[PDB]
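Structure file structure-v3.txt (compact mmCIF, N, CA and C atoms and all ligand atoms) follows.
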```
# COMPACT_ATOMS: atom_id res chain seq x y z
N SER A 22 -61.48 45.54 -35.73
CA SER A 22 -62.18 44.95 -36.86
C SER A 22 -62.14 43.44 -36.79
N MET A 23 -63.00 42.77 -37.55
CA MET A 23 -62.94 41.31 -37.60
C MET A 23 -61.66 40.88 -38.29
N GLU A 24 -61.22 41.64 -39.29
CA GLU A 24 -60.01 41.29 -40.02
C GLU A 24 -58.79 41.28 -39.09
N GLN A 25 -58.70 42.28 -38.21
CA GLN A 25 -57.60 42.35 -37.25
C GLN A 25 -57.60 41.13 -36.35
N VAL A 26 -58.77 40.77 -35.83
CA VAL A 26 -58.91 39.58 -34.99
C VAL A 26 -58.49 38.31 -35.72
N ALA A 27 -58.92 38.18 -36.97
CA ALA A 27 -58.59 37.02 -37.79
C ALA A 27 -57.08 36.90 -37.95
N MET A 28 -56.43 38.03 -38.22
CA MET A 28 -54.98 38.06 -38.39
C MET A 28 -54.28 37.71 -37.08
N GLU A 29 -54.86 38.15 -35.98
CA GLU A 29 -54.31 37.85 -34.67
C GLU A 29 -54.46 36.37 -34.35
N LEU A 30 -55.53 35.75 -34.82
CA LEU A 30 -55.72 34.32 -34.61
C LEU A 30 -54.66 33.53 -35.38
N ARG A 31 -54.38 33.99 -36.60
CA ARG A 31 -53.35 33.38 -37.45
C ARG A 31 -52.00 33.46 -36.75
N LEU A 32 -51.65 34.64 -36.25
CA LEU A 32 -50.40 34.83 -35.53
C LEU A 32 -50.31 33.93 -34.30
N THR A 33 -51.41 33.83 -33.55
CA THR A 33 -51.45 32.96 -32.39
C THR A 33 -51.24 31.51 -32.79
N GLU A 34 -51.81 31.14 -33.93
CA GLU A 34 -51.64 29.80 -34.47
C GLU A 34 -50.19 29.55 -34.89
N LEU A 35 -49.60 30.52 -35.57
CA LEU A 35 -48.20 30.41 -35.98
C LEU A 35 -47.32 30.23 -34.75
N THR A 36 -47.61 31.01 -33.71
CA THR A 36 -46.86 30.97 -32.47
C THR A 36 -46.94 29.59 -31.82
N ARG A 37 -48.11 28.96 -31.89
CA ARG A 37 -48.26 27.59 -31.39
C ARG A 37 -47.39 26.61 -32.16
N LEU A 38 -47.34 26.76 -33.48
CA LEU A 38 -46.54 25.86 -34.31
C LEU A 38 -45.05 26.08 -34.05
N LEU A 39 -44.65 27.35 -33.97
CA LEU A 39 -43.24 27.68 -33.74
C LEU A 39 -42.79 27.25 -32.34
N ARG A 40 -43.70 27.24 -31.38
CA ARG A 40 -43.36 26.75 -30.05
C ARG A 40 -43.04 25.27 -30.10
N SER A 41 -43.81 24.51 -30.88
CA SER A 41 -43.54 23.09 -31.08
C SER A 41 -42.20 22.89 -31.80
N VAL A 42 -41.96 23.68 -32.84
CA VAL A 42 -40.68 23.63 -33.55
C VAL A 42 -39.52 23.94 -32.60
N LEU A 43 -39.65 25.00 -31.82
CA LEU A 43 -38.59 25.41 -30.90
C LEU A 43 -38.28 24.30 -29.90
N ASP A 44 -39.31 23.64 -29.38
CA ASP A 44 -39.10 22.55 -28.43
C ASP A 44 -38.35 21.40 -29.10
N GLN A 45 -38.72 21.08 -30.33
CA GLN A 45 -38.07 20.01 -31.07
C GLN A 45 -36.61 20.35 -31.37
N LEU A 46 -36.35 21.61 -31.69
CA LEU A 46 -34.97 22.02 -31.99
C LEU A 46 -34.12 21.98 -30.73
N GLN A 47 -34.68 22.44 -29.62
CA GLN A 47 -33.91 22.49 -28.38
C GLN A 47 -33.62 21.07 -27.86
N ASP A 48 -34.46 20.10 -28.22
CA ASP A 48 -34.20 18.71 -27.83
C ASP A 48 -32.95 18.17 -28.50
N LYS A 49 -32.53 18.80 -29.59
CA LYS A 49 -31.34 18.38 -30.31
C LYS A 49 -30.08 19.02 -29.73
N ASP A 50 -30.26 19.72 -28.61
CA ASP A 50 -29.16 20.32 -27.84
C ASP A 50 -29.22 19.80 -26.41
N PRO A 51 -28.99 18.49 -26.23
CA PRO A 51 -29.19 17.95 -24.89
C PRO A 51 -28.12 18.42 -23.90
N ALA A 52 -27.01 18.93 -24.42
CA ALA A 52 -25.96 19.48 -23.56
C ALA A 52 -26.31 20.88 -23.04
N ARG A 53 -27.36 21.47 -23.61
CA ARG A 53 -27.84 22.81 -23.27
C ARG A 53 -26.77 23.89 -23.50
N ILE A 54 -25.94 23.65 -24.50
CA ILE A 54 -24.91 24.59 -24.89
C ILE A 54 -25.51 25.91 -25.41
N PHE A 55 -26.68 25.82 -26.04
CA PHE A 55 -27.32 26.99 -26.65
C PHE A 55 -28.55 27.49 -25.89
N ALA A 56 -28.74 26.99 -24.67
CA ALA A 56 -29.93 27.30 -23.89
C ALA A 56 -30.00 28.75 -23.44
N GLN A 57 -28.86 29.37 -23.17
CA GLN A 57 -28.82 30.71 -22.59
C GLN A 57 -27.84 31.63 -23.34
N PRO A 58 -28.00 32.96 -23.20
CA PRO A 58 -27.02 33.86 -23.81
C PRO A 58 -25.62 33.57 -23.30
N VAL A 59 -24.63 33.68 -24.19
CA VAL A 59 -23.25 33.60 -23.76
C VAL A 59 -23.01 34.69 -22.71
N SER A 60 -22.42 34.29 -21.59
CA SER A 60 -22.16 35.19 -20.47
C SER A 60 -21.04 36.18 -20.74
N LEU A 61 -21.34 37.46 -20.62
CA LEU A 61 -20.33 38.48 -20.88
C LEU A 61 -19.40 38.60 -19.69
N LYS A 62 -19.73 37.91 -18.60
CA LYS A 62 -18.81 37.79 -17.47
C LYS A 62 -17.82 36.66 -17.73
N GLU A 63 -18.32 35.54 -18.25
CA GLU A 63 -17.47 34.39 -18.58
C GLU A 63 -16.68 34.61 -19.87
N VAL A 64 -17.22 35.41 -20.79
CA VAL A 64 -16.57 35.70 -22.07
C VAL A 64 -16.66 37.20 -22.36
N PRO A 65 -15.81 38.00 -21.69
CA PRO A 65 -15.96 39.46 -21.76
C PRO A 65 -15.77 40.08 -23.15
N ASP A 66 -15.05 39.42 -24.05
CA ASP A 66 -14.79 40.00 -25.37
C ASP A 66 -15.80 39.54 -26.42
N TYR A 67 -16.83 38.80 -26.00
CA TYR A 67 -17.71 38.14 -26.97
C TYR A 67 -18.31 39.12 -28.00
N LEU A 68 -18.73 40.30 -27.56
CA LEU A 68 -19.41 41.23 -28.46
C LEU A 68 -18.45 41.91 -29.44
N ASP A 69 -17.14 41.78 -29.20
CA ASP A 69 -16.15 42.21 -30.19
C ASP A 69 -16.13 41.26 -31.38
N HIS A 70 -16.56 40.02 -31.15
CA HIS A 70 -16.54 38.98 -32.18
C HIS A 70 -17.89 38.80 -32.85
N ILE A 71 -18.92 38.73 -32.03
CA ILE A 71 -20.27 38.40 -32.48
C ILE A 71 -21.19 39.60 -32.32
N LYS A 72 -21.74 40.10 -33.43
CA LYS A 72 -22.48 41.35 -33.39
C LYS A 72 -23.95 41.17 -33.07
N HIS A 73 -24.47 39.97 -33.31
CA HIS A 73 -25.85 39.67 -32.99
C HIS A 73 -25.98 38.32 -32.28
N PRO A 74 -25.72 38.31 -30.96
CA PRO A 74 -25.85 37.10 -30.15
C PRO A 74 -27.27 36.56 -30.18
N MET A 75 -27.39 35.24 -30.05
CA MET A 75 -28.70 34.62 -29.98
C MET A 75 -28.59 33.31 -29.20
N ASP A 76 -29.71 32.87 -28.66
CA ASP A 76 -29.78 31.64 -27.87
C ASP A 76 -31.23 31.21 -27.75
N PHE A 77 -31.48 30.01 -27.24
CA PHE A 77 -32.85 29.51 -27.19
C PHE A 77 -33.74 30.28 -26.20
N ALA A 78 -33.18 30.74 -25.08
CA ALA A 78 -33.98 31.49 -24.11
C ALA A 78 -34.47 32.81 -24.69
N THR A 79 -33.58 33.49 -25.41
CA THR A 79 -33.93 34.75 -26.05
C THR A 79 -35.00 34.53 -27.13
N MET A 80 -34.89 33.45 -27.90
CA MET A 80 -35.91 33.13 -28.92
C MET A 80 -37.27 32.89 -28.26
N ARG A 81 -37.24 32.17 -27.15
CA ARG A 81 -38.46 31.80 -26.45
C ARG A 81 -39.18 33.06 -25.93
N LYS A 82 -38.41 34.03 -25.45
CA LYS A 82 -38.98 35.31 -25.02
C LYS A 82 -39.67 36.04 -26.17
N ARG A 83 -38.99 36.12 -27.30
CA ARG A 83 -39.59 36.76 -28.46
C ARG A 83 -40.82 35.99 -28.93
N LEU A 84 -40.74 34.66 -28.87
CA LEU A 84 -41.85 33.80 -29.31
C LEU A 84 -43.11 34.03 -28.48
N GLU A 85 -42.94 34.07 -27.17
CA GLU A 85 -44.09 34.21 -26.28
C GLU A 85 -44.67 35.62 -26.30
N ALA A 86 -43.91 36.57 -26.85
CA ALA A 86 -44.44 37.90 -27.11
C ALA A 86 -45.07 37.97 -28.49
N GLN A 87 -45.27 36.81 -29.11
CA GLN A 87 -45.71 36.70 -30.50
C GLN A 87 -44.90 37.60 -31.43
N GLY A 88 -43.58 37.55 -31.28
CA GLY A 88 -42.68 38.42 -32.00
C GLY A 88 -42.13 37.87 -33.31
N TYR A 89 -42.52 36.65 -33.67
CA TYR A 89 -42.16 36.10 -34.98
C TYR A 89 -43.36 36.16 -35.92
N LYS A 90 -43.27 37.01 -36.94
CA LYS A 90 -44.39 37.22 -37.87
C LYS A 90 -44.51 36.11 -38.91
N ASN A 91 -43.40 35.43 -39.17
CA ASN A 91 -43.37 34.34 -40.14
C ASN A 91 -42.25 33.36 -39.80
N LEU A 92 -42.21 32.22 -40.48
CA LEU A 92 -41.17 31.22 -40.22
C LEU A 92 -39.77 31.72 -40.56
N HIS A 93 -39.66 32.55 -41.59
CA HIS A 93 -38.35 33.07 -41.99
C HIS A 93 -37.66 33.79 -40.83
N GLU A 94 -38.41 34.63 -40.11
CA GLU A 94 -37.85 35.38 -38.99
C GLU A 94 -37.32 34.47 -37.88
N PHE A 95 -38.08 33.41 -37.59
CA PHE A 95 -37.70 32.39 -36.62
C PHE A 95 -36.44 31.67 -37.07
N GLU A 96 -36.41 31.27 -38.33
CA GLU A 96 -35.24 30.60 -38.89
C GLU A 96 -33.97 31.46 -38.87
N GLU A 97 -34.13 32.77 -39.08
CA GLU A 97 -33.02 33.70 -39.00
C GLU A 97 -32.33 33.60 -37.65
N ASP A 98 -33.14 33.59 -36.59
CA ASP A 98 -32.62 33.57 -35.22
C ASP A 98 -31.97 32.22 -34.94
N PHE A 99 -32.58 31.13 -35.41
CA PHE A 99 -32.00 29.81 -35.21
C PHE A 99 -30.65 29.74 -35.91
N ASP A 100 -30.58 30.28 -37.12
CA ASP A 100 -29.32 30.26 -37.85
C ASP A 100 -28.26 31.10 -37.14
N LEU A 101 -28.66 32.17 -36.45
CA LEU A 101 -27.70 32.98 -35.69
C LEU A 101 -27.03 32.16 -34.59
N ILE A 102 -27.82 31.31 -33.94
CA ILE A 102 -27.28 30.48 -32.86
C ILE A 102 -26.14 29.63 -33.39
N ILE A 103 -26.39 28.98 -34.52
CA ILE A 103 -25.44 28.06 -35.12
C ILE A 103 -24.25 28.82 -35.71
N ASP A 104 -24.53 29.86 -36.48
CA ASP A 104 -23.47 30.56 -37.19
C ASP A 104 -22.54 31.32 -36.24
N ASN A 105 -23.09 31.92 -35.19
CA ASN A 105 -22.26 32.62 -34.20
C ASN A 105 -21.28 31.64 -33.58
N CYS A 106 -21.79 30.46 -33.23
CA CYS A 106 -20.98 29.45 -32.56
C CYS A 106 -19.85 28.95 -33.45
N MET A 107 -20.14 28.73 -34.73
CA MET A 107 -19.14 28.18 -35.64
C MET A 107 -18.11 29.24 -36.02
N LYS A 108 -18.37 30.50 -35.69
CA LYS A 108 -17.35 31.51 -35.91
C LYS A 108 -16.46 31.68 -34.68
N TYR A 109 -17.08 31.80 -33.51
CA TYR A 109 -16.33 32.06 -32.29
C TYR A 109 -15.47 30.87 -31.90
N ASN A 110 -15.99 29.68 -32.13
CA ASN A 110 -15.30 28.47 -31.70
C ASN A 110 -14.61 27.75 -32.83
N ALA A 111 -13.45 27.16 -32.54
CA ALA A 111 -12.72 26.43 -33.55
C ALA A 111 -13.37 25.09 -33.87
N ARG A 112 -12.98 24.54 -35.01
CA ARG A 112 -13.54 23.29 -35.53
C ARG A 112 -13.41 22.09 -34.58
N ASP A 113 -12.36 22.08 -33.77
CA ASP A 113 -12.07 20.93 -32.93
C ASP A 113 -12.63 21.07 -31.51
N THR A 114 -13.68 21.88 -31.36
CA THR A 114 -14.21 22.12 -30.02
C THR A 114 -15.57 21.48 -29.87
N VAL A 115 -15.95 21.18 -28.63
CA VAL A 115 -17.25 20.58 -28.36
C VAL A 115 -18.36 21.56 -28.75
N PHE A 116 -18.07 22.85 -28.67
CA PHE A 116 -19.05 23.88 -29.03
C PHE A 116 -19.36 23.87 -30.53
N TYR A 117 -18.31 23.93 -31.34
CA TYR A 117 -18.50 23.92 -32.80
C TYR A 117 -19.23 22.65 -33.21
N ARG A 118 -18.80 21.53 -32.63
CA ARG A 118 -19.34 20.25 -33.08
C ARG A 118 -20.81 20.14 -32.68
N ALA A 119 -21.17 20.75 -31.55
CA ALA A 119 -22.58 20.75 -31.13
C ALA A 119 -23.43 21.57 -32.09
N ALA A 120 -22.87 22.67 -32.58
CA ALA A 120 -23.59 23.50 -33.55
C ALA A 120 -23.84 22.73 -34.84
N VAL A 121 -22.82 22.02 -35.33
CA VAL A 121 -22.97 21.25 -36.56
C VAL A 121 -24.08 20.21 -36.42
N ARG A 122 -24.10 19.53 -35.27
CA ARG A 122 -25.09 18.49 -35.03
C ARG A 122 -26.48 19.10 -34.93
N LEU A 123 -26.59 20.23 -34.25
CA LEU A 123 -27.87 20.94 -34.14
C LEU A 123 -28.39 21.41 -35.50
N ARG A 124 -27.49 21.95 -36.32
CA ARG A 124 -27.83 22.36 -37.67
C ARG A 124 -28.37 21.17 -38.48
N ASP A 125 -27.64 20.06 -38.41
CA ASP A 125 -27.98 18.89 -39.21
C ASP A 125 -29.30 18.26 -38.82
N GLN A 126 -29.57 18.18 -37.51
CA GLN A 126 -30.67 17.37 -36.99
C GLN A 126 -31.91 18.24 -37.16
N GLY A 127 -31.66 19.55 -37.11
CA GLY A 127 -32.69 20.57 -37.05
C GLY A 127 -33.22 20.85 -38.43
N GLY A 128 -32.42 20.60 -39.47
CA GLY A 128 -32.88 20.78 -40.83
C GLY A 128 -34.12 19.96 -41.13
N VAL A 129 -34.18 18.76 -40.56
CA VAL A 129 -35.32 17.86 -40.73
C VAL A 129 -36.61 18.50 -40.21
N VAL A 130 -36.53 19.04 -38.99
CA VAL A 130 -37.66 19.67 -38.32
C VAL A 130 -38.13 20.89 -39.09
N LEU A 131 -37.18 21.72 -39.52
CA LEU A 131 -37.49 22.95 -40.25
C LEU A 131 -38.02 22.68 -41.66
N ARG A 132 -37.59 21.58 -42.26
CA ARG A 132 -38.10 21.20 -43.58
C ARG A 132 -39.60 20.93 -43.51
N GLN A 133 -40.04 20.27 -42.44
CA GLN A 133 -41.45 19.94 -42.29
C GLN A 133 -42.26 21.16 -41.86
N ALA A 134 -41.66 21.97 -40.99
CA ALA A 134 -42.32 23.17 -40.51
C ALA A 134 -42.68 24.08 -41.68
N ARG A 135 -41.79 24.17 -42.66
CA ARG A 135 -42.05 25.00 -43.84
C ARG A 135 -43.26 24.49 -44.62
N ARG A 136 -43.33 23.17 -44.80
CA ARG A 136 -44.47 22.57 -45.48
C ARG A 136 -45.78 22.82 -44.73
N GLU A 137 -45.74 22.72 -43.40
CA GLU A 137 -46.93 22.89 -42.57
C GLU A 137 -47.43 24.33 -42.54
N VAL A 138 -46.50 25.28 -42.52
CA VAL A 138 -46.89 26.69 -42.49
C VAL A 138 -47.54 27.07 -43.81
N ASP A 139 -46.96 26.60 -44.91
CA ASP A 139 -47.52 26.83 -46.24
C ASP A 139 -48.90 26.19 -46.41
N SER A 140 -49.03 24.93 -46.01
CA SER A 140 -50.27 24.20 -46.21
C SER A 140 -51.40 24.76 -45.35
N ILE A 141 -51.13 24.98 -44.07
CA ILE A 141 -52.13 25.56 -43.17
C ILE A 141 -52.33 27.05 -43.46
N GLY A 142 -51.36 27.65 -44.15
CA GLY A 142 -51.41 29.07 -44.47
C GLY A 142 -51.38 29.95 -43.24
N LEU A 143 -50.23 30.00 -42.57
CA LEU A 143 -50.14 30.72 -41.30
C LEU A 143 -49.40 32.05 -41.40
N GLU A 144 -49.00 32.43 -42.61
CA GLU A 144 -48.26 33.68 -42.79
C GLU A 144 -48.69 34.42 -44.06
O1 LIG A 201 -19.26 29.83 -27.72
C1 LIG A 201 -18.77 29.67 -26.61
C2 LIG A 201 -19.42 30.18 -25.32
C3 LIG A 201 -18.40 29.66 -24.35
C4 LIG A 201 -18.40 29.77 -22.97
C5 LIG A 201 -17.34 29.21 -22.28
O2 LIG A 201 -17.27 29.28 -20.92
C6 LIG A 201 -16.31 28.55 -22.97
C7 LIG A 201 -16.31 28.45 -24.34
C8 LIG A 201 -17.37 29.00 -25.02
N1 LIG A 201 -17.60 29.02 -26.40
```
Reformat the file's structure so that it appears as structure tokens.
Amino acid sequence: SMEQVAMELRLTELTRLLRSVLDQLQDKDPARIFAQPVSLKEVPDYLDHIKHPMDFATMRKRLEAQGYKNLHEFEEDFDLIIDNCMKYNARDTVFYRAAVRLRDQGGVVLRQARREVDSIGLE
């Protein structure tokens, strides 16, 4: 139907915006601490601690499959990256501190993304 196509165009548009958001968020992780899934070889007990692992590579895969239906879903995954890290790692670690900085710097980007999605009406 034309309606299905129209909705698919909207999703494709949302995906374009979220790709820009994702790039901006990942730029705030220049150490690439969150670039890839935590290695279960390097950290064999990780899944005993963290029940829903997340990372930028995994988000990017879901994104390119047009797997985010709205900004909320995307934000959920971003928050998993930060929240998982701040639980597994102690306060005095480079990992925890990187998560705090990513959360803080990233709030700015996500604040504008919310306004843009609403105004352009992408969801
Ligand atoms: O959250 C993490 C993931 C990781 C990998 C590693 O080799 C050492 C520490 C930590 N903390």
Task: Nearby polymer residues, ligand LIG 201 (chain A), at most 6.5 Å, only N, CA and C atoms and all ligand atoms, as JSON, numbers by chain - done: {"A": [59, 60, 63, 64, 105, 106, 109, 110, 116]}
Open item on the list: Just want the 8 Å neighbourhood of residue A:123, counted on all atoms listed in the file, with same-chain residues fewer than 6 positions away dropped. Output as JSON, numbers by chain.
Closed with: {"A": [46, 49, 50, 103, 117]}
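One distance worth recording is that between atom CA of residue A:91 and atom CA of residue A:122, which is 24.7 Å.
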Task: Among the residues A:92, A:78, A:35, A:71, the one that comes closest to residue A:56 [using only N, CA and C atoms] - done: A:78
Task: Residue nearest residue A:139 among A:72, A:118, A:93, A:124 (counting only C-alpha atoms) - done: A:93
Task: Atom-to-atom span, atom N of residue A:120 and atom N of residue A:55, Å - done: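 Going from atom N of residue A:120 over to atom N of residue A:55, I get 8.2 Å.
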Open item on the list: Between atom N of residue A:135 and atom CA of residue A:100, what is the distance in Å, rounded to a tenth?
Closed with: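 Computing it gives 14.7 Å between the two atoms.
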Task: Residue contacts of residue A:81 (8 Å, all atoms listed in the file) excluding same-chain residues fewer than 6 positions away, as a ChimeraX atom specification - done: /A:40,43,87
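Residues with any atom within 8 Å of residue A:36, counting only C-alpha atoms and excluding same-chain neighbours fewer than 2 positions away, are residues 32, 33, 34, 38, 39, 40, 84, 85, 87 and 89 of chain A.
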TODO: Could you give me, as a ChimeraX atom specification, each residue of chain A that DSSP assigns to helix (DSSP H, G or I) when run on this structure's backbone?
DONE: /A:23-47,67-70,77-85,92-109,115-141
What are the centre and the three edge lengths of an axis-aligned box that wraps all atoms of stretch 99-108 of chain A in the file, given that 8 Å is added to every side, written as JSON and rounded to one decimal in Å?
```
{"center_x": -24.5, "center_y": 30.5, "center_z": -35.2, "size_x": 32.1, "size_y": 20.9, "size_z": 21.3}
```
Task: Using only N, CA and C atoms: which of A:102, A:30, A:52, A:94 has the shortest distance to residue A:73 - done: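 Closest candidate: A:102.
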